[PDB]
Every structure is written in C-alpha cells, then in structure tokens.
Amino acid sequence: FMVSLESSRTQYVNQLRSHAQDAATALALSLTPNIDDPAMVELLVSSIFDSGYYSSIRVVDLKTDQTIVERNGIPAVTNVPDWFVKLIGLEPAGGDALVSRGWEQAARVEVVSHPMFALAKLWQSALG
Amino acid sequence: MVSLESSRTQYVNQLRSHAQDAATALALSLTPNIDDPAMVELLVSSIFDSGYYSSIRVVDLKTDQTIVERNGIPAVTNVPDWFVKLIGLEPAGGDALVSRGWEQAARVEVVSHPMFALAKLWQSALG
C-alpha cells in the first residue's frame, strides 16, 4: 500500500494520460473527413465529451490559432452524497452480447457502465 | 425533480451504449477463446481494468452459471480532499493533429478527468 504507493501512482498517471491521448487521436481521426463542416465538428466533439469522462476538449484551428470548438467541465472531484443516488435512482443501463461456439450460443457477456461521472453531472445540475 | 428528466435519459443512453459497445467487443474477443478458461479471464480483466465499468460478467449458457465476473467501486466516491492533495495528480492531457494532405489544419486537445483514478487509489488505500 504505502510500499507500493509511488509505483501505483505512476501507473494511474500513465493510464489517465493514455486515456486522454487515445481520445484525442480518435477524435482527430473522426474529424478529418468532416473538418470543413462546422455542425459536424461540433457534433463529433459533443459525442465524446457528453460521457463526462473528460475535463475538457478543445479543437484549435492551426492557421488562425483560434478555438473552433471547446467544452469544459469542472476538473475537481465531485463528492456526490449517497442520498442523492437513491433520490435520482439511475437505472443501470447494462448491455450484453452472445458468444457462439460453432452454431450454438455458448455464453453471454454482461456489461454495466460505472455511473460516477453521470451522477457527478446530475449533482452539479442539481446545485444550479 | 422533473427538470432533470431529459438529462437523465441522455446519461442513461450514454451508459447503455458505452456498455453495449464493450459487451459486443468483448464477445467478439472471446469467440476464438471460449474453450480456454484462463484466456477468457485474462481478456475480461484486461477490458475491466482499462475502462470505467461497474461490472462485467460472463455466463455459461449451457449451465446458466457465472464463468467469470469482475465488480467495481461504489457509484459515488467519498474520497477526501486531503487524500486528493496527498496524491497531487497533475492534469492528464493528450493531443493530436488533423491534417489535410501534408497540410496541418487543426489540433485536438483532451484532458481526462481523474475522479475514477482517485476513487480507485482511495479504495485501495482503504485496503
């Protein structure tokens, strides 16, 4: 725990940085065939940002050096009270998929996404 | 509290599609590996560990019983601000270029929110 703190911290630092880099790389790719359609650019950026996973996303025009589109959330941690979760009562919204073995369905994969960012956003809205 | 109704359905839609995307990718990934229990477990953990999930479960349809399962941290975090300061993460950022042929047109800049990472460090600190 304390013995492994420095290495563990570095792992999370590297993980979060990779998370941000992967999103930028994916978004740049998504924007490439649409860079001259302002509406689509905004749509594609909103798509990614609306998860709540990112403190900020900005697209900068290199010729003019101006912001084309940007989005910002609060970068600090939001401590949402337990009682607000019950009050809001968010449904799990799980997803699933089948794995086949030959022609027979062999297993079902069930996934449930963590609501922490969604709850944080709902709480911020509640406070406003 | 009906004013947040539209916000709620939107976030639920996002959580659903995020989970569905992952279930579909994972099912695909498991397909060539379904008879190798160790590989199934490895692949499930790999996705679970690099994403923001409450749970991932694989059920054997022949027996209707759980094969492998991963469960996550609680819905909200009570990570104290004093612990956040002790860890003292700097912003986690990445950027990429959009080009038009050999011409560079735009730069995309992203900063990832650290709340999930900190929540995980905290749960670990609590042992």
# chains A, B, ... in the order shown; residues from 1 in each chain; ligands from 1

call {"tool": "interface_residues", "arguments": {"of": "chain B", "to": "chain A", "cutoff": "6 Å", "atoms": "only C-alpha atoms", "output": "PyMOL selection string"}}
result
chain B and resi 15-16+19-20+23-24+27+31+52-61+75-78+92-96+98+105-113+115

call {"tool": "write_last_selection", "arguments": {"atoms": "N, CA and C atoms", "output": "short mmCIF file (atom, residue, chain, number, x, y, z; two decimals), in the first residue's frame"}}
result
data_model
loop_
_atom_site.label_atom_id
_atom_site.label_comp_id
_atom_site.auth_asym_id
_atom_site.auth_seq_id
_atom_site.Cartn_x
_atom_site.Cartn_y
_atom_site.Cartn_z
N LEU B 15 -24.64 5.63 -20.95
CA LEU B 15 -24.19 4.49 -20.18
C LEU B 15 -24.53 3.19 -20.91
N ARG B 16 -25.72 3.13 -21.50
CA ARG B 16 -26.14 1.93 -22.23
C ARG B 16 -25.27 1.66 -23.45
N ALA B 19 -21.79 0.59 -22.48
CA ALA B 19 -21.79 -0.80 -22.02
C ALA B 19 -22.00 -1.77 -23.18
N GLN B 20 -22.91 -1.42 -24.08
CA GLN B 20 -23.20 -2.27 -25.23
C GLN B 20 -21.98 -2.39 -26.15
N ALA B 23 -19.65 -4.83 -24.43
CA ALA B 23 -20.13 -6.21 -24.41
C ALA B 23 -19.91 -6.84 -25.78
N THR B 24 -20.20 -6.06 -26.83
CA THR B 24 -20.06 -6.54 -28.20
C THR B 24 -18.60 -6.80 -28.58
N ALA B 27 -17.42 -9.90 -26.48
CA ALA B 27 -17.98 -11.14 -27.02
C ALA B 27 -17.19 -11.58 -28.25
N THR B 31 -14.61 -14.98 -28.63
CA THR B 31 -15.12 -16.02 -29.51
C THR B 31 -14.10 -17.11 -29.84
N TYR B 52 -14.16 2.12 -17.45
CA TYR B 52 -14.94 2.63 -16.32
C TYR B 52 -16.23 1.84 -16.18
N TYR B 53 -16.14 0.66 -15.57
CA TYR B 53 -17.26 -0.27 -15.51
C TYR B 53 -17.64 -0.61 -14.06
N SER B 54 -18.94 -0.75 -13.81
CA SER B 54 -19.42 -1.27 -12.53
C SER B 54 -19.21 -2.77 -12.43
N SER B 55 -19.45 -3.46 -13.54
CA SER B 55 -19.29 -4.90 -13.56
C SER B 55 -19.17 -5.42 -14.98
N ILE B 56 -18.47 -6.54 -15.11
CA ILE B 56 -18.51 -7.33 -16.33
C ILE B 56 -18.69 -8.77 -15.89
N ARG B 57 -19.64 -9.47 -16.49
CA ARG B 57 -19.90 -10.86 -16.10
C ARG B 57 -20.03 -11.70 -17.36
N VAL B 58 -19.51 -12.92 -17.32
CA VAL B 58 -19.71 -13.87 -18.41
C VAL B 58 -20.45 -15.08 -17.86
N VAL B 59 -21.59 -15.40 -18.47
CA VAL B 59 -22.43 -16.50 -18.03
C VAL B 59 -22.38 -17.66 -19.03
N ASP B 60 -22.14 -18.87 -18.53
CA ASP B 60 -22.19 -20.09 -19.35
C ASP B 60 -23.64 -20.44 -19.63
N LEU B 61 -24.02 -20.42 -20.91
CA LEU B 61 -25.42 -20.61 -21.30
C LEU B 61 -25.85 -22.06 -21.23
N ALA B 75 -20.91 3.60 -6.57
CA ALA B 75 -21.42 4.59 -7.52
C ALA B 75 -20.88 6.01 -7.29
N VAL B 76 -20.76 6.40 -6.03
CA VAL B 76 -20.20 7.70 -5.69
C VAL B 76 -18.93 7.53 -4.88
N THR B 77 -18.07 8.55 -4.90
CA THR B 77 -16.86 8.50 -4.09
C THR B 77 -16.92 9.50 -2.95
N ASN B 78 -16.48 9.04 -1.79
CA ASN B 78 -16.26 9.90 -0.64
C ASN B 78 -14.77 10.17 -0.43
N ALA B 92 -3.94 15.28 -16.82
CA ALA B 92 -3.62 14.22 -17.77
C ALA B 92 -4.14 14.62 -19.14
N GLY B 93 -3.22 14.96 -20.04
CA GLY B 93 -3.61 15.52 -21.31
C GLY B 93 -3.03 14.79 -22.49
N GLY B 94 -3.70 14.93 -23.63
CA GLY B 94 -3.20 14.39 -24.87
C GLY B 94 -3.64 15.27 -26.02
N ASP B 95 -2.87 15.25 -27.10
CA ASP B 95 -3.28 16.00 -28.27
C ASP B 95 -2.97 15.26 -29.55
N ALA B 96 -3.69 15.62 -30.61
CA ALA B 96 -3.48 15.01 -31.91
C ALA B 96 -3.77 16.02 -33.01
N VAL B 98 -5.15 17.12 -36.86
CA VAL B 98 -5.95 16.85 -38.04
C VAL B 98 -5.22 17.47 -39.22
N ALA B 105 -4.16 21.15 -40.23
CA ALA B 105 -5.34 22.03 -40.17
C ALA B 105 -5.77 22.41 -38.76
N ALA B 106 -5.76 21.43 -37.86
CA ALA B 106 -6.30 21.65 -36.51
C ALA B 106 -5.60 20.78 -35.50
N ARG B 107 -5.64 21.20 -34.24
CA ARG B 107 -5.10 20.40 -33.15
C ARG B 107 -6.22 20.10 -32.16
N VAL B 108 -6.38 18.83 -31.82
CA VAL B 108 -7.36 18.39 -30.83
C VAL B 108 -6.65 18.21 -29.50
N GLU B 109 -7.18 18.83 -28.45
CA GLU B 109 -6.60 18.76 -27.11
C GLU B 109 -7.62 18.17 -26.12
N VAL B 110 -7.22 17.15 -25.37
CA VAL B 110 -8.11 16.48 -24.43
C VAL B 110 -7.47 16.45 -23.06
N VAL B 111 -8.27 16.66 -22.01
CA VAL B 111 -7.81 16.43 -20.65
C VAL B 111 -8.78 15.46 -20.00
N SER B 112 -8.26 14.35 -19.48
CA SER B 112 -9.14 13.31 -18.90
C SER B 112 -9.39 13.57 -17.42
N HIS B 113 -10.64 13.41 -16.99
CA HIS B 113 -10.97 13.69 -15.60
C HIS B 113 -10.44 12.58 -14.69
N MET B 115 -11.28 11.71 -11.62
CA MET B 115 -12.12 11.24 -10.50
C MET B 115 -12.11 9.71 -10.33
#

call {"tool": "select_by_dssp", "arguments": {"residues": "chain B", "states": "strand (DSSP E or B)", "output": "VMD selection string"}}
result
chain B and resid 53 to 60 65 to 71 92 to 100 103 to 112

call {"tool": "select_by_dssp", "arguments": {"residues": "range 30-85 of chain B", "states": "alpha helix (DSSP H)", "output": "CSV table (one decimal) with C-alpha atoms, in the first residue's frame"}}
result
chain,number,residue,atom,x,y,z
B,30,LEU,CA,-13.8,-14.1,-26.5
B,37,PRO,CA,-10.9,-20.5,-19.3
B,38,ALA,CA,-7.6,-18.8,-18.4
B,39,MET,CA,-7.7,-16.7,-21.6
B,40,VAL,CA,-11.4,-15.7,-21.1
B,41,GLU,CA,-10.5,-14.4,-17.6
B,42,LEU,CA,-7.4,-12.5,-18.9
B,43,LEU,CA,-9.5,-10.9,-21.7
B,44,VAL,CA,-12.3,-9.9,-19.3
B,45,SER,CA,-9.9,-8.4,-16.8
B,46,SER,CA,-8.0,-6.5,-19.5
B,47,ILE,CA,-11.2,-4.7,-20.5
B,48,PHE,CA,-12.4,-4.2,-17.0
B,49,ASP,CA,-9.1,-2.8,-15.8
B,81,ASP,CA,-9.9,16.3,-0.4
B,82,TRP,CA,-6.9,15.8,1.9
B,83,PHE,CA,-6.2,12.5,0.1
B,84,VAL,CA,-6.6,14.1,-3.3
B,85,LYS,CA,-3.9,16.6,-2.2

call {"tool": "atom_distance", "arguments": {"atom1": "CA of residue 87 in chain B", "atom2": "CA of residue 123 in chain B"}}
result
13.5 Å

call {"tool": "atom_distance", "arguments": {"atom1": "CA of residue 70 in chain B", "atom2": "CA of residue 119 in chain B"}}
result
16.7 Å

call {"tool": "atom_distance", "arguments": {"atom1": "CA of residue 11 in chain B", "atom2": "CA of residue 91 in chain B"}}
result
24.8 Å
